[PDB]
Amino acid sequence: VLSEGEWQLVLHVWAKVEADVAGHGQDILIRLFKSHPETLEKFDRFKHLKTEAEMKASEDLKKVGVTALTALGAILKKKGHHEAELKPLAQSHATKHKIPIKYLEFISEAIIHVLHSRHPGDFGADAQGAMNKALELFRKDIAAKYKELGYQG
Ligand code: HEM
C-alpha cells in the first residue's frame, strides 16, 4: 500500500517513540482528551483525573497508553501485513467498549501532534504524510474488521 520509502519514514520516527513509550502515550492521551473531550468518557477509571499533572502521575493511564502504542507499533512494523494483529484489536474495541472510527481519527491526530512536538527534525512533511497514510490504512482495515464482527464503527 505505502511505498517502501514511506514505511521507512514511519518506522524511523517510531524508533524515536520507543525511547520513551510511556511519556509519548501520556502526552497522546492527554492531547486526545483535551482536544476531543467526549473521548474521555470511554475510560471510566480516569474520570477523577482532572489535571494534566494528575493524568501524568496515573500509572493506570500510563499503562493504558503503553498498551495502545505497543499494539500500534507492532502493527506499523508489519508494513500493511497486519490482519492477524487487527482482528483481536478490532474485537477489543468493538464489543463491550465500542470505539468509533472517528475516535481513532482523533487519536491519530494526537499521535501526529505529539510526534511533531517531540521530534520535529525526524518528522517533517514527508514523514507526516507517510504516518498519516499508515494510520489511514490502519483505520480503514480496522473498520472492515469491525463490520465483520457486526459493528458499524
Ligand atoms: C492507535 C489507536 C489505539 C490502539 C492501537 C489501541 C489499542 C488497544 C489495546 C491493545 C487494547 C487492549 C485490549 C485487550 O487487552 O484485549 C485496548 C483497549 C481499550 N481501548 Fe484502545 N487503542 C487505541 C485507541 C483507543 C481510543 C481512541 C479509545 C477511546 C477513545 C480506546 C479505548 C479503549 C478501551 C476503553 C479499551 C478497553 C478498556 C481499557 O483499556 O480501559 N482505544 N486498546
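Atoms considered below: every heavy atom in the structure, side chains included; atoms not considered: hydrogens, waters and symmetry mates. Positions are given from 1, in the same order as the sequence printed here.
- Residues satisfying the ring pair (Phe, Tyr, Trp, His ring centres under 6.0 Å) criterion with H12, sequence neighbours excluded, are absent altogether.
- Note that CG of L40 and CG of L49 are 8.0 Å apart. Values are rounded to the nearest 0.5 Å.
- A salt bridge between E18 and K77 is present, with a side-chain N of the basic residue lying under 4.0 Å from a carboxylate O of the acidic one.
- Enclosure of atom NZ in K102 is not indicated, since only 12 or fewer non-hydrogen atoms of other residues, nucleotides or ligands lie within 6.0 angstrom.
- Listed by first and then second residue, the ring-ring contact (aromatic ring centres under 6.0 Å, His included) pairs that reach into residues 30-63 are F33-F43, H36-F106, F43-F46, sequence neighbours excluded.
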List the steps, then state whether side-chain contact (heavy atoms from CB on, under 4.5 Å) holds for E136 with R139. CA-CA 5 Å; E136 273 157 22; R139 297 193 300 272; 3.2 Å; yes
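- Qualifying salt bridge (charged side-chain N to carboxylate O under 4.0 Å, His left out) partners for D60, counting only residues two or more places apart in sequence or in other chains: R45.
- Residues forming a salt bridge (charged side-chain N to carboxylate O under 4.0 Å, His left out) with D27 (at least two apart in sequence, or on another chain): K56, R118.
- For residues 50-71, the set of pairs meeting the ring-ring contact (aromatic ring centres under 6.0 Å, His included) definition, not counting sequence neighbours, is empty.
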Dump the intermediate steps for side-chain contact (heavy atoms from CB on, under 4.5 Å) on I107 and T39, then the final yes or no. CA-CA 9 Å; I107 199 173; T39 62; over 6 Å; no
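- Once rounded to the nearest 0.5 Å, the distance linking NE2 of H82 with CG of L72 reads 11.0 Å.
- At least one donor-acceptor pair closer than 3.5 Å links the side chain of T67 to the backbone N or O of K63.
- Nearest approach of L61 to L29, heavy atoms of both residues: O-CD1, 3.8 Å.
- The ring pair (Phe, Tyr, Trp, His ring centres under 6.0 Å) check on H93 picks up nothing, with sequence neighbours excluded.
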Distance-only donor-acceptor hits, side chain of residues 146-153, under 3.5 Å, sequence neighbours excluded:
{"from": "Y146", "atom 1": "OH", "to": "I99", "atom 2": "O", "distance (Å)": "2.6"}
{"from": "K147", "atom 1": "NZ", "to": "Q152", "atom 2": "OE1", "distance (Å)": "2.6"}
{"from": "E148", "atom 1": "OE1", "to": "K87", "atom 2": "NZ", "distance (Å)": "3.3"}

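- The CG atom of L89 lies 11.5 Å from the CG atom of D141; values are rounded to the nearest 0.5 Å.
- The ring pair (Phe, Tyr, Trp, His ring centres under 6.0 Å) test applied to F138 returns no partner, not counting sequence neighbours.
- Counting heavy atoms from C-beta on, the side chains of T51 and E54 come closer than 4.5 Å.
- A side-chain donor-acceptor contact under 3.5 Å links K98 to the backbone of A94.
- Linking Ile, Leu, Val, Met, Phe, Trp and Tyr residues whenever their side-chain heavy atoms come within less than 4.5 Å leaves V17 and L9 in two separate clusters.
- Note that CD of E52 and CZ of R31 are 11.0 Å apart. Values are rounded to the nearest 0.5 Å.
- For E105, the salt bridge (charged side-chain N to carboxylate O under 4.0 Å, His left out) criterion is met by no residue, not counting sequence neighbours.
- Salt bridge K79/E4: present, at least one basic N to carboxylate O contact under 4.0 Å.
- At least one side-chain heavy atom of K47 sits under 4.5 Å from a side-chain heavy atom of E41.
- Of all heavy-atom pairs spanning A134 and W7, the tightest one is CB-CZ3, 3.9 Å.
- Residue pairs meeting the salt bridge (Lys or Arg N to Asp or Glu O under 4.0 Å) criterion with at least one partner in residues 126-135, sequence neighbours excluded, are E6-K133.
- Annotation for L69 and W14: closest pair O-CZ2, 3.4 Å, computed over non-hydrogen atoms.
- Within 6.0 Å of NZ in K42 there are more than 12 heavy atoms belonging to other residues, nucleotides or ligands.
- Here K62 pairs with nothing under the salt bridge (charged side-chain N to carboxylate O under 4.0 Å, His left out) rule; sequence neighbours left out.
- Remark: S117 OG to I112 CD1 distance equals 11.0 Å, nearest 0.5 Å.
- The ring pair (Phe, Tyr, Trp, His ring centres under 6.0 Å) test applied to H119 returns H24, not counting sequence neighbours.
- Once rounded to the nearest 0.5 Å, the distance linking CG of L86 with CD1 of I142 reads 4.5 Å.
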